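For reference, the structure is listed below as structure tokens.
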Amino acid sequence: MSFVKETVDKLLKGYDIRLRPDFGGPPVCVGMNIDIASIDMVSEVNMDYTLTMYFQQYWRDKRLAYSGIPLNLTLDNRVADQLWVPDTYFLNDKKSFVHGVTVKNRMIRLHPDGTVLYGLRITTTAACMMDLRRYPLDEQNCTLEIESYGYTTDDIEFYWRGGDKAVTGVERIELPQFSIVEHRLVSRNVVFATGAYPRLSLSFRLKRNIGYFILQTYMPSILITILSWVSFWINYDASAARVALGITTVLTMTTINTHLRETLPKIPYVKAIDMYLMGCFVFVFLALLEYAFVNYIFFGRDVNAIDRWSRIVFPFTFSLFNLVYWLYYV
Amino acid sequence: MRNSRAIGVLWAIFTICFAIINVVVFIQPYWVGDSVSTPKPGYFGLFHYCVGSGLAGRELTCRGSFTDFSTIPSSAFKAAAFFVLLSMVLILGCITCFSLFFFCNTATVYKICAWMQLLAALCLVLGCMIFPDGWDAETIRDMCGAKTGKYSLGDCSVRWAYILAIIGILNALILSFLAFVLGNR
Amino acid sequence: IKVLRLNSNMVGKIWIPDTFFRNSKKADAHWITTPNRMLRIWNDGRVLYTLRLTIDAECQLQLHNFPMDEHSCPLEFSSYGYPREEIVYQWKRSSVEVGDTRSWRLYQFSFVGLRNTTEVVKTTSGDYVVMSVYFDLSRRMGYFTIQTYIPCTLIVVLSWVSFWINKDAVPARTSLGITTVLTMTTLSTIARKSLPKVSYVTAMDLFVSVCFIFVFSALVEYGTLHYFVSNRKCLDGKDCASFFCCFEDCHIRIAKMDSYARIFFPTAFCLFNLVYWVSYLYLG
Amino acid sequence: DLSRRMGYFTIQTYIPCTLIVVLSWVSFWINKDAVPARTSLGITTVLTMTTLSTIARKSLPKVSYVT
Amino acid sequence: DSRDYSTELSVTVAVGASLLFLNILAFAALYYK
Ligand SMILES: CCCCCCCC/C=C/CCCCCCCC(=O)O[C@H](COC(=O)CCCCCCCCCCCCCCC)COP(=O)(O)OC[C@@H](O)CO
Ligand SMILES: CCCCCCCC/C=C/CCCCCCCC(=O)O[C@H](COC(=O)CCCCCCCCCCCCCCC)COP(=O)(O)OC[C@@H](O)CO
Ligand SMILES: CCCCCCCC/C=C\CCCCCCCC(=O)O[C@H](COC(=O)CCCCCCCCCCCCCCC)COP(=O)(O)OC[C@@H](O)CO
Ligand SMILES: CCCCCCCCCCCC(=O)OC[C@H](COP(=O)([O-])O)OC(=O)CCCCCCCCCCC
Ligand SMILES: *[C@@H]1O[C@H](CO)[C@@H](O[C@@H]2O[C@H](CO)[C@@H](O)[C@H](O)[C@H]2NC(C)=O)[C@H](O)[C@H]1NC(C)=O
Ligand SMILES: CC(C)CCC[C@@H](C)[C@H]1CC[C@H]2[C@@H]3CC=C4C[C@@H](O)CC[C@]4(C)[C@H]3CC[C@]12C
Ligand SMILES: CCCCCCCCCCCCCCCC(=O)O
Ligand SMILES: CCCCCCCCCCCCCCCC(=O)O
Ligand SMILES: CCCCCCCCCCCCCCCC
Ligand SMILES: CCCCCCCCCCCCCCCC
Ligand SMILES: CCCCCCCCCCCCCCCC
Ligand SMILES: CCCCCCCCCCCCCCCC
Ligand SMILES: CCCCCCCCCCCCCCCC
Ligand SMILES: *[C@@H]1O[C@H](CO)[C@@H](O)[C@H](O)[C@H]1NC(C)=O
Ligand SMILES: CCCCCCCCCC
Ligand SMILES: CCCCCCCCCC
Ligand SMILES: CCCCCCCCCC
Ligand SMILES: CCCCCC
Ligand SMILES: CCCCCC
Ligand SMILES: CCCCCC
Ligand SMILES: CCCCCC
Ligand SMILES: CCCCCC
Numbered sequence: 009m010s011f012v013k014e015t016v017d018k019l020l021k022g023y024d025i026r027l028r029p030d031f032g033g034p035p036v037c038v039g040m041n042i043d044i045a046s047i048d049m050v051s052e053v054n055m056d057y058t059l060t061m062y063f064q065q066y067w068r069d070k071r072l073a074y075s076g077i078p079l080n081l082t083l084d085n086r087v088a089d090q091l092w093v094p095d096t097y098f099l100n101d102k103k104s105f106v107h108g109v110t111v112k113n114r115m116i117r118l119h120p121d122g123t124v125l126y127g128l129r130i131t132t133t134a135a136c137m138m139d140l141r142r143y144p145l146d147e148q149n150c151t152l153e154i155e156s157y158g159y160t161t162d163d164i165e166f167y168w169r170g171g172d173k174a175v176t177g178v179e180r181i182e183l184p185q186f187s188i189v190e191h192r193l194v195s196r197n198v199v200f201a202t203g204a205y206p207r208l209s210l211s212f213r214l215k216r217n218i219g220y221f222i223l224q225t226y227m228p229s230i231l232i233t234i235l236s237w238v239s240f241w242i243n244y245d246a247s248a249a250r251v252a253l254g255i256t257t258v259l260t261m262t263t264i265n266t267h268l269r270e271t272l273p274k275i276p277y278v279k280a281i282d283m284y285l286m287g288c289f290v291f292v293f294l295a296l297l298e299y300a301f302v303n304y305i306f307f308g309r419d420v421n422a423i424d425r426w427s428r429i430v431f432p433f434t435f436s437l438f439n440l441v442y443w444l445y446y447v
Numbered sequence: 016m017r018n019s020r021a022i023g024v025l026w027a028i029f030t031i032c033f034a035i036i037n038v039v040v041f042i043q044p045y046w047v048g049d050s051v052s053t054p055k056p057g058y059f060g061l062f063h064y065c066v067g068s069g070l071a072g073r074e075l076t077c078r079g080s081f082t083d084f085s086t087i088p089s090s091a092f093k094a095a096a097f098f099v100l101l102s103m104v105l106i107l108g109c110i111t112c113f114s115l116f117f118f119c120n121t122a123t124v125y126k127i128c129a130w131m132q133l134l135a136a137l138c139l140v141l142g143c144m145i146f147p148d149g150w151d152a153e154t155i156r157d158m159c160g161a162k163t164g165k166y167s168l169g170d171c172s173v174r175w176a177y178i179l180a181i182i183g184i185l186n187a188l189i190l191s192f193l194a195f196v197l198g199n200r
Numbered sequence: 093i094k095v096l097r098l099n100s101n102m103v104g105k106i107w108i109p110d111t112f113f114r115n116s117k118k119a120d121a122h123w124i125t126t127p128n129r130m131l132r133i134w135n136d137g138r139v140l141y142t143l144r145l146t147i148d149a150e151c152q153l154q155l156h157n158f159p160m161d162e163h164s165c166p167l168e169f170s171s172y173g174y175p176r177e178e179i180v181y182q183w184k185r186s187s188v189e190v191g192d193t194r195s196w197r198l199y200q201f202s203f204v205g206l207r208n209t210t211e212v213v214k215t216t217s218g219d220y221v222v223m224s225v226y227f228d229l230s231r232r233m234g235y236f237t238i239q240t241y242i243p244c245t246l247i248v249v250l251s252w253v254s255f256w257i258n259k260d261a262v263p264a265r266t267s268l269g270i271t272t273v274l275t276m277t278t279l280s281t282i283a284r285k286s287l288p289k290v291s292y293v294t295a296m297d298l299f300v301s302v303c304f305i306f307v308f309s310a311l312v313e314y315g316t317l318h319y320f321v322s323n324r325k369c370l371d372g373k374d375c376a377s378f379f380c381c382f383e384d385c396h397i398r399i400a401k402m403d404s405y406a407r408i409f410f411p412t413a414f415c416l417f418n419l420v421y422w423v424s425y426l427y428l429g
Numbered sequence: 228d229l230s231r232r233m234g235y236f237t238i239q240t241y242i243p244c245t246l247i248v249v250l251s252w253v254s255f256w257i258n259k260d261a262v263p264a265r266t267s268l269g270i271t272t273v274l275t276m277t278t279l280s281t282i283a284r285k286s287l288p289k290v291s292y293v294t
Numbered sequence: 668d669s670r671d672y673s674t675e676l677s678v679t680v681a682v683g684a685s686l687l688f689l690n691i692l693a694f695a696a697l698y699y700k
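Protein chains in written order, with the authors' numbering: chain D, 9 to 309, 419 to 447; chain I, 16 to 200; chain E, 93 to 325, 369 to 385, 396 to 429; chain C, 228 to 294; chain G, 668 to 700.
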């Protein structure tokens, strides 16, 4: 017992937090690992995503070397106050914190060879832009960029420990609207005139799931558009019936539009769903305008020619519009 | 007329039983079960599947639903379940069309369910064909053995739902032909 | 003094375990008017350490069967840094202490049962012992019965009302069908506001979609009836085709489409409801 | 210096409003004897315009002056 | 049970065979004139 105590006591003294390991020597190589516990929420409105993870660094320090103690030492987390750590930080962060209950969720581990493993439980609201031009038929390219604030590559280097096995726990994630397709690791150096700074990047590709929209946005619009075409088979003298059907279909599309935007993200950005709804709106508008023409020409001024041609053109043109839309956006 | 009435009623009973069987096999996940050579315990159906957690009891953790295509771990399963659901819709359409016996002549309604039962059998047959093709998925490969693949049973067993699907196919074909002959009589 | 109760300040001097709750996105302890932490020592060599916590623990809710969904929400904890060889946890045994359920803040859910479990995880930095408590919760359907199911069913019935209206009342039946469609859309808009923005549809979404298809089918049925009534005008037995497609002549018997609809639509809806409720309540 | 993008608001308000107004005009070509048709068209057009008017001030503060 | 799926498979085959026997019995009864 006492031998361990005096070992750690001599380890702590003579150690300067203000100086990095091998200050006059080569840069210290820091391996980095991540274990994602839960991506809590991904926001299109704010263009960000909250991510809870076990971040781990790993670096060799000669000053913290001890011998005669084959057992690994998991010191108290408060000991991390007295030990030097990298200046790692996330560039695309908007807000982040470390969980404090019951004790500060942090860990420092020493090894007999003098290596340090420094782990933290970080909940960070990272930022990623989202090309919503094809929403909801869109795939996002969200990233976590990890870099050193002050040191250049000459003073500190970052690499992924374990290679492609650096990041785990992605399979444990089940987002409520997105489906993770792939994750990629990139280790590089950003070069400026003064010097090159190390950087790591953890990039997830997220595919959006559309079955919600397919069943409550697209299918209602298609069926209201077809119910609008039902007008062309109603007898031309039935002005009340045909006008009521057309105007109520227009009102129903307006209702779908107005109440949809209440639920989708609050962004004045033009999206694919907006084009689809606008096209269906134009189609129902033209369906009512068709009866305007019909009532003026024949009643106002052996099915008539306008209904005869409408019955084929409107379904055919709507099918062509659907084909172009789905081919362009998919 | 007595004999025709009796056989018609019995045919209705059998069609209802076939519809119940179709619902049971569609919802239930016991199409493929684990085996002695299987690496882990579990069982997968058309869309739903239970996987061994990785401990003594395994908790029978399950995930997968036809309501969520994103959770079905293959494109062959999404087609097989779709065909089985189409069969469900057709047989239920016939069960509704029993109501048309009130007004329409008997022969026409009998023939209409004859074609609906034939189409239900065809869709169920197609679902049974494409269902094995999805056994090559990563989840199924991890479950029913590495050797398991497209139509390759491998280190894994087969459970009652898969054979009951073929039983329902046979029942559907028999009922379709029975209704066809009833219509002309 | 056999029991030395301790102040809440110097507890930091005494080593305490690194117990942290794994499935917690945010937790805290209230600090006023004093810290809400206590410690006690017993000269036999025992330490007791009690806190006050309000954990917003996560719970992955599988809302596929919403509002018929039952959940088993977990609450897990383990040492943050010490593997199994360094710390091992355990229960007091003899169940877990819970107060009266009637005073709990469970409105949308009803408490059912409590369970405890322990296991060892295989994380990269050693193998930690994790202990979990599962709370079983069952949702109450009463709000969704009056908000969604009964209004949707009654709107479908009002769509069926069109079959008993005279066929020549074109504006009446057209307005009835299209306004039923509009009302169903209005209900469908609010059906999802309680739920999160989940991308797969639920049981209630499927119910609403089927009701929308039923009212759409009723309006299409009237349109079909209106167009045709006014605007238009070998081996066994015999042939193999005779055994199959009657297709005789072909419709002559289409003016009586309303009589067919009057039975078909209620019967189809009843069958859909039977299968849906049996599947989601008992057989699922 | 920031310049607003107007295409979103274009498709949201300017085109639907213009088309509801063109549909109102559609009444002028319907036969005058069709009292229920023209009355329903006019009043439901007013209702649709009322429904559209509410979504105007959905991404804006409650400035007393009008935009 | 572990991997024991003999009884369930056997009883499923038995009830399916019984149902098919009833179906083909009715069909054969109708086929005869
Ligand atoms: C597993 C247990 C299941 C128990 C269910 C038992 C139900 C069994 C019913 C079989 C019906 C088919 C039998 C064959 C019918 C043969 C025909 C028959 O019997 O006579 C006709 C119908 O009679 C009739 O009332 C029969 C009318 C059809 C009754 C069936 C309606 C569908 C009800 C929804 C089904 C739900 C099932 C699932 C529930 C769990 C009436 O002659 P009618 O000259 O006037 O016609 C006009 C025409 O002559 C030309 O104008
Ligand atoms: C077919 C041909 C159609 C052509 C179409 C022609 C259309 C003609 C355009 C008009 C634009 C109207 C713009 C002005 C409307 C807004 C009126 C307004 O500004 O509010 C108060 C008006 O005065 C007042 O208090 C009290 C006086 C109230 C006068 C409000 C006028 C309302 C608009 C009347 C339109 C009716 C049209 C009828 C057609 C049937 C002033 O705020 P107050 O100082 O209190 O506090 C400060 C607060 O205003 C800070 O924002
Ligand atoms: C009497 C008349 C009655 C009406 C007729 C019956 C109407 C029936 C209703 C609904 C079913 C319609 C079929 C829908 C087929 C679409 C099925 C599908 O899932 O396709 C996805 C997109 O495809 C892709 O990747 C790329 C292809 C995209 C093309 C999507 C097609 C949508 C068409 C819009 C539907 C209009 C239907 C209206 C018919 C009248 C792929 O899945 P994914 O892995 O992303 O998992 C996400 C998911 O699981 C989250 O819930
Ligand atoms: C339009 C008239 C015919 C169709 C009516 C269908 C039922 C009414 C709509 C369904 C929803 C409703 O009103 O009640 C739902 C509740 C569910 O609550 P709980 O009992 O599960 O707690 O109650 C239920 O459990 C619903 C039971 C419904 C059974 C299915 C209908 C059976 C009809 C005969 C079939 C042969
Ligand atoms: C103390 O920790 C070190 C490094 O974390 C362990 O060293 C590894 O131990 C495992 C299993 O014991 C071996 O498979 C590896 O080859 C060892 N080296 C490395 C670099 O991983 C060491 O075993 C731990 N001490 C124990 C378990 O008593
Ligand atoms: C009335 C006739 C014509 C058609 C009726 C078809 C009904 C019974 C069908 C249509 C859609 C079906 C549902 C589609 C998806 C699922 C999810 C699955 O995990 C359980 C079964 C369940 C919940 C199905 C139950 C049966 C269902 C409701
Ligand atoms: C942008 C669209 C404007 C629509 C304006 C409403 C016109 C609908 C009624 C047109 C009636 C037909 C008039 C022309 C008849 C003819 O050419 O002989
Ligand atoms: C929306 C595009 C589809 C509608 C196409 C309309 C084609 C109309 C062709 C007939 C034009 C002549 C109508 C007047 C006939 C008359 O002299 O009475
Ligand atoms: C894209 C996710 C899958 C959603 C599956 C929806 C199935 C809807 C079934 C509709 C059945 C309509 C029957 C209408 C006639 C009664
Ligand atoms: C409080 C428990 C949940 C709600 C129970 C049912 C509420 C009342 C239902 C009334 C249904 C009226 C149907 C009328 C049909 C003509
Ligand atoms: C429930 C009203 C019965 C009215 C009977 C009058 C003759 C019409 C026969 C068809 C009745 C079918 C009712 C189907 C269940 C609502
Ligand atoms: C960044 C693009 C903004 C959208 C620009 C307008 C797109 C085209 C609008 C067409 C609206 C339909 C007019 C139909 C008139 C009959
Ligand atoms: C610089 C971009 C300008 C975009 C123009 C938006 C036009 C919105 C539609 C208004 C069209 C009114 C025409 C009325 C003709 C009767
Ligand atoms: C919970 O854990 C205790 C102690 O391990 C055990 O006695 C008990 O059976 C477990 N289950 C329940 C329901 O309390
Ligand atoms: C702004 C989206 C316009 C989509 C096309 C409108 C329908 C044209 C049908 C000929
Ligand atoms: C979103 C792009 C839609 C293009 C519409 C082109 C008109 C097709 C119908 C004539
Ligand atoms: C959805 C279009 C409504 C069609 C009415 C019936 C058309 C009959 C054409 C033979
Ligand atoms: C949109 C209807 C146009 C008809 C031209 C005669
Ligand atoms: C005259 C009937 C045309 C139908 C086009 C779908
Ligand atoms: C998927 C779009 C279908 C449109 C049919 C007119
Ligand atoms: C009816 C044609 C639909 C095309 C969808 C890509
Ligand atoms: C709620 C259904 C009422 C039916 C009356 C015949």
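Where a beta carbon is used, it is the ideal one built from N, C-alpha and C, also for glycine.
Exercise for the section: Measure the Cβ-Cβ separation of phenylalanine 98 of chain I and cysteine 159 of chain I and say whether it is below 8 Å. Expected result: no
Exercise for the section: Compare the beta carbon distance of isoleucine 110 of chain I and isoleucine 22 of chain I with 8 Å and say whether it is the shorter of the two. Expected result: no
Practice task
Consider the Cβ of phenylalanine 117 of chain I: report whether some Cβ of chain E lies at a distance smaller than 8 Å.
Solution key: yes
Practice task
Spell out the partners DSSP gives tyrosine 58 of chain I in its beta bridges.
Solution key: I:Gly48 and I:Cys65
Exercise for the section: Quick one: using the 10 Å Cβ neighbour count with 16 as the cut-off for buried, is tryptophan 107 of chain E buried or exposed? Expected result: exposed
Handout entry: Cutoff 8 Å: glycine 173 of chain E Cβ touching any chain D Cβ
Key = yes
Exercise for the section: Identify the contact partners of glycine 315 of chain E in chain D, using a Cβ-Cβ distance below 8 Å as the criterion. Expected result: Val238, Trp241 and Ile242
Practice task
Could you pull out every residue in the same chain whose Cβ sits closer than 7 Å to the Cβ of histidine 119 of chain D, ignoring the five residues on either side in sequence?
Solution key: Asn80
Exercise for the section: Would you check if the stretch 221-231 of chain E and the stretch 376-384 of chain E touch, i.e. whether three or more CB-CB distances between them fall below 8 Å? Expected result: no
Exercise for the section: Taking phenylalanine 84 of chain I as the query, report the chain D residues whose CB atoms sit under 7 Å from its CB, ordered along the chain. Expected result: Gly219
Handout entry: C-beta atoms of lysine 117 of chain E and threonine 60 of chain D nearer than 8 Å
Key = yes
Problem - Within chain I, the residues that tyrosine 672 of chain G reaches when beta carbons sit closer than 7 Å - result: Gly48, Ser172 and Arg174
Practice task
Name the one or two DSSP bridge partners that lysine 289 of chain E has.
Solution key: Paired residue(s): none; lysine 289 of chain E is not in a bridge.
Exercise for the section: Check whether the Cβ of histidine 119 of chain D sits closer than 7 Å to any heavy atom of ligand 5, and report yes or no. Expected result: yes
Problem - DSSP-derived helix/strand/coil call for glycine 198 of chain I - result: helix
Practice task
Compute the Euclidean distance between the alpha carbons of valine 196 of chain I and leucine 107 of chain I, then round it to the nearest angstrom.
Solution key: 21 Å
Exercise for the section: Buried or exposed for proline 159 of chain E, please, with buried defined as at least 16 other CB atoms from any protein chain shown within 10 angstroms of its CB. Expected result: buried
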